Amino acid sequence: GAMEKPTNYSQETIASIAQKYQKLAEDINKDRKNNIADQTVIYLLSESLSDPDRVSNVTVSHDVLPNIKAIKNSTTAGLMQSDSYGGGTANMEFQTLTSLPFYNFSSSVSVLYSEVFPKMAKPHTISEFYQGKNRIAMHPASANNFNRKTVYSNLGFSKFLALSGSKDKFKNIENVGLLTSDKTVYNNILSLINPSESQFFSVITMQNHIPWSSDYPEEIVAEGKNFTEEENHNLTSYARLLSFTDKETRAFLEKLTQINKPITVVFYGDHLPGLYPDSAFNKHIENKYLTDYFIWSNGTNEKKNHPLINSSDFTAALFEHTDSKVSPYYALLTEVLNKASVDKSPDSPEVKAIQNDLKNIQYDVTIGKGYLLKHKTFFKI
(Lines of atoms letter the chains of each structure in order from A and count residues from 1; the text may use other names and numbers.)
(Lines give C-alpha, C1' and ligand atoms only; values in the text may rest on other atoms or scores of the structure.)
Protein backbone atom coordinates (compact mmCIF):
# COMPACT_ATOMS: atom_id res chain seq x y z
CA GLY A 1 0.00 0.00 0.00
CA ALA A 2 0.93 3.67 -0.36
CA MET A 3 0.65 4.21 3.40
CA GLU A 4 0.10 2.13 6.52
CA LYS A 5 -3.20 2.62 8.33
CA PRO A 6 -2.75 3.85 11.92
CA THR A 7 -3.85 1.28 14.48
CA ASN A 8 -6.35 3.78 15.92
CA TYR A 9 -7.75 5.03 12.61
CA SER A 10 -11.53 5.44 12.82
CA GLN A 11 -14.26 8.04 12.32
CA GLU A 12 -14.21 8.93 16.03
CA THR A 13 -10.41 9.29 16.12
CA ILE A 14 -10.65 11.75 13.22
CA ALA A 15 -13.40 13.56 15.13
CA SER A 16 -11.19 13.81 18.22
CA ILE A 17 -8.38 15.25 16.09
CA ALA A 18 -10.62 17.75 14.29
CA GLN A 19 -12.06 19.12 17.54
CA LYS A 20 -8.70 19.22 19.33
CA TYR A 21 -7.02 21.38 16.67
CA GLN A 22 -10.15 23.44 16.05
CA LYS A 23 -9.69 24.83 19.56
CA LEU A 24 -5.90 25.05 19.18
CA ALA A 25 -6.38 27.11 16.02
CA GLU A 26 -8.63 29.48 17.97
CA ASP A 27 -5.98 29.94 20.66
CA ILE A 28 -3.16 30.46 18.15
CA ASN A 29 -5.25 32.94 16.15
CA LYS A 30 -5.77 35.08 19.27
CA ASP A 31 -2.13 36.12 18.69
CA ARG A 32 -1.95 35.92 14.88
CA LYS A 33 -2.68 39.32 13.34
CA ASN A 34 -2.59 38.93 9.55
CA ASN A 35 -4.36 36.85 6.92
CA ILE A 36 -2.38 34.67 4.52
CA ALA A 37 -4.66 35.77 1.67
CA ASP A 38 -3.47 39.38 2.12
CA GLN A 39 0.09 38.52 0.99
CA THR A 40 1.50 37.19 -2.27
CA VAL A 41 3.51 34.01 -1.68
CA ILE A 42 6.27 32.57 -3.88
CA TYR A 43 7.46 28.99 -3.38
CA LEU A 44 10.83 28.97 -5.18
CA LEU A 45 12.39 25.53 -5.65
CA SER A 46 16.04 26.26 -6.50
CA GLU A 47 17.16 23.11 -8.31
CA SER A 48 20.15 21.36 -6.71
CA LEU A 49 21.08 24.42 -4.60
CA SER A 50 23.14 23.58 -1.52
CA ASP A 51 26.18 25.30 -0.02
CA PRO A 52 29.27 23.18 -0.86
CA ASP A 53 30.95 24.53 2.29
CA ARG A 54 29.05 21.81 4.20
CA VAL A 55 30.82 19.09 2.17
CA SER A 56 33.82 18.36 4.38
CA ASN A 57 36.35 17.29 1.74
CA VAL A 58 35.49 20.05 -0.77
CA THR A 59 37.55 23.21 -1.27
CA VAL A 60 36.25 26.17 -3.28
CA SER A 61 38.41 29.19 -4.13
CA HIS A 62 35.59 31.69 -3.50
CA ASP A 63 32.40 31.79 -1.45
CA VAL A 64 29.70 31.08 -4.05
CA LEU A 65 26.66 31.85 -1.84
CA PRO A 66 27.66 35.10 -0.09
CA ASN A 67 24.40 36.93 -0.85
CA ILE A 68 22.11 34.02 0.04
CA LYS A 69 24.05 33.50 3.27
CA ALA A 70 23.47 37.17 4.11
CA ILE A 71 19.76 36.72 3.38
CA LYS A 72 19.69 33.69 5.69
CA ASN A 73 21.12 35.85 8.49
CA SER A 74 18.43 38.52 8.05
CA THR A 75 15.30 36.33 8.18
CA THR A 76 13.91 32.94 9.15
CA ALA A 77 16.29 30.46 7.55
CA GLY A 78 18.32 27.33 8.13
CA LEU A 79 18.74 23.82 6.74
CA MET A 80 16.11 21.69 5.02
CA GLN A 81 16.22 17.91 5.31
CA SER A 82 15.83 16.38 1.84
CA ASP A 83 14.42 12.92 1.15
CA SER A 84 16.79 12.10 -1.73
CA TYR A 85 20.14 12.90 -3.33
CA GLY A 86 20.70 14.21 -6.85
CA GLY A 87 17.00 13.83 -7.67
CA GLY A 88 13.47 13.67 -6.34
CA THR A 89 12.58 17.29 -7.15
CA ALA A 90 8.84 16.72 -7.55
CA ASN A 91 8.60 14.83 -4.24
CA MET A 92 9.89 17.79 -2.22
CA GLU A 93 7.57 20.05 -4.25
CA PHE A 94 4.55 17.92 -3.33
CA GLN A 95 5.45 18.18 0.36
CA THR A 96 5.68 21.99 0.32
CA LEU A 97 2.19 22.36 -1.18
CA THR A 98 0.31 19.72 0.84
CA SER A 99 2.56 19.71 3.95
CA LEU A 100 2.17 15.91 4.02
CA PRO A 101 5.61 14.44 4.83
CA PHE A 102 7.15 11.82 2.57
CA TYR A 103 8.56 10.00 5.62
CA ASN A 104 5.03 8.91 6.61
CA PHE A 105 4.26 7.27 3.26
CA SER A 106 5.46 3.82 2.21
CA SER A 107 8.92 3.36 0.73
CA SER A 108 7.35 1.68 -2.31
CA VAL A 109 6.18 5.14 -3.43
CA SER A 110 8.52 6.61 -6.05
CA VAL A 111 6.79 9.79 -7.31
CA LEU A 112 4.11 11.34 -5.08
CA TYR A 113 2.59 13.27 -8.00
CA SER A 114 1.95 10.01 -9.91
CA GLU A 115 1.07 7.55 -7.13
CA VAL A 116 -0.50 9.61 -4.31
CA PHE A 117 -1.87 12.92 -5.63
CA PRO A 118 -4.25 11.39 -8.24
CA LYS A 119 -5.88 9.29 -5.49
CA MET A 120 -6.56 12.31 -3.24
CA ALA A 121 -10.27 13.17 -3.34
CA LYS A 122 -9.88 16.91 -2.62
CA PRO A 123 -6.22 17.80 -2.04
CA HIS A 124 -5.73 20.82 0.22
CA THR A 125 -2.71 23.01 -0.51
CA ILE A 126 -1.47 26.50 0.33
CA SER A 127 -2.73 27.66 -3.07
CA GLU A 128 -6.41 27.07 -2.22
CA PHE A 129 -6.49 30.29 -0.16
CA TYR A 130 -5.98 32.19 -3.44
CA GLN A 131 -8.27 32.67 -6.42
CA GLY A 132 -7.69 30.41 -9.40
CA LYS A 133 -6.93 33.34 -11.69
CA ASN A 134 -4.07 34.25 -9.32
CA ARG A 135 -2.44 30.80 -9.02
CA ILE A 136 0.67 30.59 -11.21
CA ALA A 137 3.20 27.82 -11.87
CA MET A 138 6.56 28.03 -13.65
CA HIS A 139 9.15 25.48 -14.77
CA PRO A 140 11.64 25.80 -17.68
CA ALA A 141 11.08 22.29 -19.05
CA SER A 142 8.20 20.02 -20.07
CA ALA A 143 4.99 20.76 -18.19
CA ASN A 144 4.32 17.00 -18.21
CA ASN A 145 7.55 16.00 -16.45
CA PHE A 146 6.59 14.18 -13.23
CA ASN A 147 2.91 14.78 -14.04
CA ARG A 148 3.05 18.47 -13.07
CA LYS A 149 0.56 19.62 -15.73
CA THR A 150 -2.14 17.34 -14.30
CA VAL A 151 -1.36 18.42 -10.73
CA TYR A 152 -1.56 22.16 -11.37
CA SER A 153 -4.62 21.77 -13.61
CA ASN A 154 -6.43 19.86 -10.85
CA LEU A 155 -5.38 22.56 -8.36
CA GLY A 156 -7.12 25.26 -10.40
CA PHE A 157 -4.06 27.12 -11.67
CA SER A 158 -4.62 29.70 -14.41
CA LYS A 159 -1.08 29.54 -15.82
CA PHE A 160 1.85 27.12 -16.05
CA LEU A 161 4.83 28.59 -17.90
CA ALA A 162 6.93 25.84 -19.47
CA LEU A 163 9.37 25.38 -22.34
CA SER A 164 6.89 22.87 -23.80
CA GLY A 165 3.58 21.19 -23.06
CA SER A 166 1.46 24.23 -22.20
CA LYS A 167 -0.01 27.35 -23.79
CA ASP A 168 2.03 29.54 -21.41
CA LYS A 169 5.63 30.30 -22.39
CA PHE A 170 8.55 32.14 -20.83
CA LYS A 171 9.74 35.49 -22.20
CA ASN A 172 13.26 36.61 -23.13
CA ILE A 173 14.72 33.16 -22.51
CA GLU A 174 18.46 33.17 -21.83
CA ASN A 175 20.81 30.33 -20.89
CA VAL A 176 23.35 30.45 -18.06
CA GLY A 177 25.15 27.17 -18.49
CA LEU A 178 23.40 24.66 -20.73
CA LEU A 179 19.89 25.34 -19.37
CA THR A 180 17.49 28.22 -18.74
CA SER A 181 18.96 30.79 -16.38
CA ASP A 182 17.51 31.62 -12.98
CA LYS A 183 17.61 35.24 -14.17
CA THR A 184 15.03 34.32 -16.82
CA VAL A 185 12.83 32.65 -14.21
CA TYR A 186 13.13 35.57 -11.79
CA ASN A 187 12.35 38.24 -14.39
CA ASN A 188 9.33 36.26 -15.62
CA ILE A 189 8.07 36.20 -12.02
CA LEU A 190 8.42 39.98 -11.73
CA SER A 191 6.58 40.56 -15.01
CA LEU A 192 3.57 38.64 -13.64
CA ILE A 193 3.39 40.13 -10.13
CA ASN A 194 0.11 42.08 -9.96
CA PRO A 195 0.09 44.41 -6.92
CA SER A 196 -3.69 44.70 -7.30
CA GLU A 197 -4.07 40.97 -6.54
CA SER A 198 -2.85 38.47 -3.95
CA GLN A 199 -1.07 35.74 -5.93
CA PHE A 200 0.60 32.38 -5.30
CA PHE A 201 3.61 31.33 -7.38
CA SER A 202 4.96 27.78 -7.53
CA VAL A 203 8.36 27.92 -9.25
CA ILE A 204 10.81 25.13 -10.14
CA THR A 205 14.08 26.33 -11.68
CA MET A 206 16.35 24.41 -14.06
CA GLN A 207 19.63 26.35 -14.43
CA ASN A 208 21.57 24.21 -11.94
CA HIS A 209 20.14 20.88 -13.10
CA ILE A 210 22.59 18.22 -14.24
CA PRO A 211 24.56 18.41 -16.58
CA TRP A 212 26.60 21.36 -15.32
CA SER A 213 28.79 23.29 -17.76
CA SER A 214 30.29 26.74 -17.22
CA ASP A 215 33.70 28.24 -18.00
CA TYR A 216 33.01 31.50 -16.14
CA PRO A 217 33.77 33.06 -13.75
CA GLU A 218 37.21 31.59 -14.43
CA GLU A 219 38.60 32.61 -11.04
CA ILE A 220 36.23 30.17 -9.28
CA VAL A 221 37.84 26.73 -9.05
CA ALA A 222 36.87 23.81 -6.83
CA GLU A 223 38.24 20.38 -5.97
CA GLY A 224 37.48 17.48 -3.67
CA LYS A 225 39.78 15.09 -1.84
CA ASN A 226 40.64 12.15 -4.12
CA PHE A 227 38.15 13.32 -6.76
CA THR A 228 38.60 12.37 -10.40
CA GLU A 229 39.17 15.05 -13.04
CA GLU A 230 35.55 14.63 -14.15
CA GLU A 231 34.27 15.05 -10.58
CA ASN A 232 36.41 18.14 -10.01
CA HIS A 233 35.17 19.55 -13.33
CA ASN A 234 31.49 19.01 -12.48
CA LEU A 235 32.02 20.51 -9.02
CA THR A 236 33.78 23.52 -10.56
CA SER A 237 31.02 24.00 -13.14
CA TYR A 238 28.36 23.65 -10.43
CA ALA A 239 30.10 26.10 -8.08
CA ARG A 240 30.37 28.64 -10.91
CA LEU A 241 26.67 28.30 -11.72
CA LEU A 242 25.78 28.78 -8.04
CA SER A 243 27.62 32.11 -8.04
CA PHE A 244 25.26 33.37 -10.76
CA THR A 245 22.16 32.16 -8.92
CA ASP A 246 23.51 33.87 -5.79
CA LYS A 247 23.76 37.30 -7.45
CA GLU A 248 20.50 36.90 -9.38
CA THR A 249 18.61 35.84 -6.23
CA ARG A 250 19.82 38.99 -4.46
CA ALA A 251 18.69 41.21 -7.35
CA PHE A 252 15.35 39.37 -7.45
CA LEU A 253 14.58 40.10 -3.79
CA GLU A 254 15.73 43.71 -4.24
CA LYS A 255 13.13 44.20 -6.98
CA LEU A 256 10.45 42.69 -4.73
CA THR A 257 11.12 45.40 -2.13
CA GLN A 258 10.19 48.06 -4.71
CA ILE A 259 6.70 46.55 -5.20
CA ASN A 260 3.83 47.92 -3.12
CA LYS A 261 2.47 44.58 -1.92
CA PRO A 262 3.36 42.24 0.98
CA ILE A 263 5.36 39.47 -0.68
CA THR A 264 6.97 36.46 1.01
CA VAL A 265 9.40 34.06 -0.67
CA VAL A 266 9.97 30.47 0.47
CA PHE A 267 13.35 29.66 -1.10
CA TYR A 268 14.94 26.23 -0.84
CA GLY A 269 17.16 23.69 -2.53
CA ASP A 270 15.35 20.44 -3.21
CA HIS A 271 18.45 18.23 -2.83
CA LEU A 272 22.22 18.24 -3.22
CA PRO A 273 23.65 17.87 -6.74
CA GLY A 274 24.55 14.31 -7.62
CA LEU A 275 28.22 15.07 -8.20
CA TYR A 276 29.74 14.29 -4.78
CA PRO A 277 30.94 10.79 -3.88
CA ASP A 278 30.07 9.59 -0.39
CA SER A 279 33.71 10.07 0.62
CA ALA A 280 33.35 13.85 0.23
CA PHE A 281 31.29 14.04 3.45
CA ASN A 282 33.81 12.24 5.71
CA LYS A 283 32.58 12.43 9.32
CA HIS A 284 29.21 14.09 8.52
CA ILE A 285 27.25 11.91 6.09
CA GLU A 286 24.07 13.66 7.26
CA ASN A 287 25.17 16.66 5.16
CA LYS A 288 24.36 14.56 2.07
CA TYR A 289 20.67 15.50 2.54
CA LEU A 290 20.81 19.01 4.06
CA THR A 291 20.07 21.93 1.73
CA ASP A 292 19.61 25.67 2.39
CA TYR A 293 16.29 27.46 2.86
CA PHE A 294 14.98 30.84 3.90
CA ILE A 295 11.58 32.51 4.31
CA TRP A 296 11.92 36.17 3.36
CA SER A 297 9.35 38.98 3.16
CA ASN A 298 9.78 42.20 1.19
CA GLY A 299 9.09 44.33 4.28
CA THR A 300 10.11 43.77 7.89
CA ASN A 301 11.33 40.25 8.70
CA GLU A 302 11.28 38.31 11.93
CA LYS A 303 13.80 35.48 12.38
CA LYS A 304 12.11 32.44 13.90
CA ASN A 305 14.37 29.73 15.33
CA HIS A 306 14.06 26.82 12.88
CA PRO A 307 17.59 25.60 12.11
CA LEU A 308 16.44 22.23 10.71
CA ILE A 309 13.01 21.51 9.21
CA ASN A 310 11.40 19.32 6.55
CA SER A 311 10.04 20.44 3.19
CA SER A 312 6.57 19.63 4.56
CA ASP A 313 7.05 22.18 7.39
CA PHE A 314 7.38 25.20 5.06
CA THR A 315 3.72 26.26 5.01
CA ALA A 316 3.42 26.13 8.81
CA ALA A 317 6.67 28.11 9.03
CA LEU A 318 5.26 30.54 6.45
CA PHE A 319 2.13 31.20 8.52
CA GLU A 320 4.28 31.73 11.62
CA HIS A 321 6.76 34.04 9.86
CA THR A 322 3.91 36.20 8.51
CA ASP A 323 1.92 36.03 11.78
CA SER A 324 -1.06 34.78 9.76
CA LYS A 325 -4.09 33.10 11.30
CA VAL A 326 -4.18 29.34 10.80
CA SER A 327 -6.81 26.71 10.13
CA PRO A 328 -7.17 23.64 12.36
CA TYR A 329 -5.12 21.72 9.78
CA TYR A 330 -2.24 24.19 9.95
CA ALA A 331 -2.52 24.29 13.74
CA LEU A 332 -1.59 20.60 13.64
CA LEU A 333 1.27 21.39 11.25
CA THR A 334 2.49 24.16 13.59
CA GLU A 335 2.74 21.60 16.40
CA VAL A 336 4.68 19.34 14.02
CA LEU A 337 6.99 22.18 12.96
CA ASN A 338 7.80 23.12 16.56
CA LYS A 339 7.52 19.82 18.43
CA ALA A 340 7.55 16.71 16.21
CA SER A 341 9.58 17.24 13.03
CA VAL A 342 12.87 15.85 11.73
CA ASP A 343 14.98 17.76 14.26
CA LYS A 344 13.33 15.98 17.22
CA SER A 345 13.78 12.46 18.57
CA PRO A 346 11.51 9.82 16.98
CA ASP A 347 11.42 8.11 20.41
CA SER A 348 9.98 11.08 22.30
CA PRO A 349 6.45 10.37 23.59
CA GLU A 350 5.28 13.86 22.57
CA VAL A 351 6.69 13.42 19.06
CA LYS A 352 4.85 10.09 18.73
CA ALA A 353 1.51 11.54 19.86
CA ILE A 354 1.65 14.51 17.48
CA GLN A 355 2.80 12.23 14.65
CA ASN A 356 -0.11 9.88 15.36
CA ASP A 357 -2.46 12.83 14.83
CA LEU A 358 -0.69 13.67 11.56
CA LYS A 359 -0.64 10.07 10.30
CA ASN A 360 -4.40 9.73 10.82
CA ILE A 361 -5.08 12.96 8.91
CA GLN A 362 -2.52 12.05 6.24
CA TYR A 363 -4.02 8.58 5.80
CA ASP A 364 -7.59 9.93 5.78
CA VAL A 365 -6.99 12.33 2.86
CA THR A 366 -4.91 10.00 0.65
CA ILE A 367 -6.15 6.39 0.62
CA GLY A 368 -8.37 6.56 3.72
CA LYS A 369 -12.12 6.76 4.17
CA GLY A 370 -12.29 10.55 3.89
CA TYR A 371 -13.86 11.16 7.30
CA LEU A 372 -12.61 14.76 7.19
CA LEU A 373 -15.09 15.62 4.42
CA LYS A 374 -17.69 15.87 7.20
CA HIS A 375 -15.51 18.23 9.30
CA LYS A 376 -16.14 21.23 7.07
CA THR A 377 -13.95 23.70 9.02
CA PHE A 378 -10.82 21.57 9.47
CA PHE A 379 -9.10 23.17 6.46
CA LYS A 380 -10.71 26.63 6.72
CA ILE A 381 -9.21 29.62 8.52
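Residues carry their position along the shown sequence, with the first being 1.
Averaged over their C-alpha atoms, the temperature factors of 266-274 and 67-75 are higher for 67-75. The PDB entry reports B-factors from which the mean C-alpha value can be compared for 200-208 and 117-125; the larger average falls on 117-125. You'll see in the entry that, of 342, 37, 49, 316, the Cα B factor peaks at 37. In this entry, the residue among 292, 254, 83, 182 with the greatest C-alpha B factor is 254. Ranked against the other modelled residues of its chain, the C-alpha B-factor of residue 348 as given in the entry falls in the middle third. In the deposited entry, the Cα temperature factor of residue 322 sits in the middle third of values across the chain's modelled residues. Ranked against the other modelled residues of its chain, the C-alpha B-factor of residue 164 as given in the entry falls in the middle third. Per the deposited record, the Cα B-factor of residue 93 falls in the lowest third when ranked against the other modelled residues of its chain. In the PDB entry, a CA B factor belonging to the middle third of its chain's modelled residues is recorded for residue 307.
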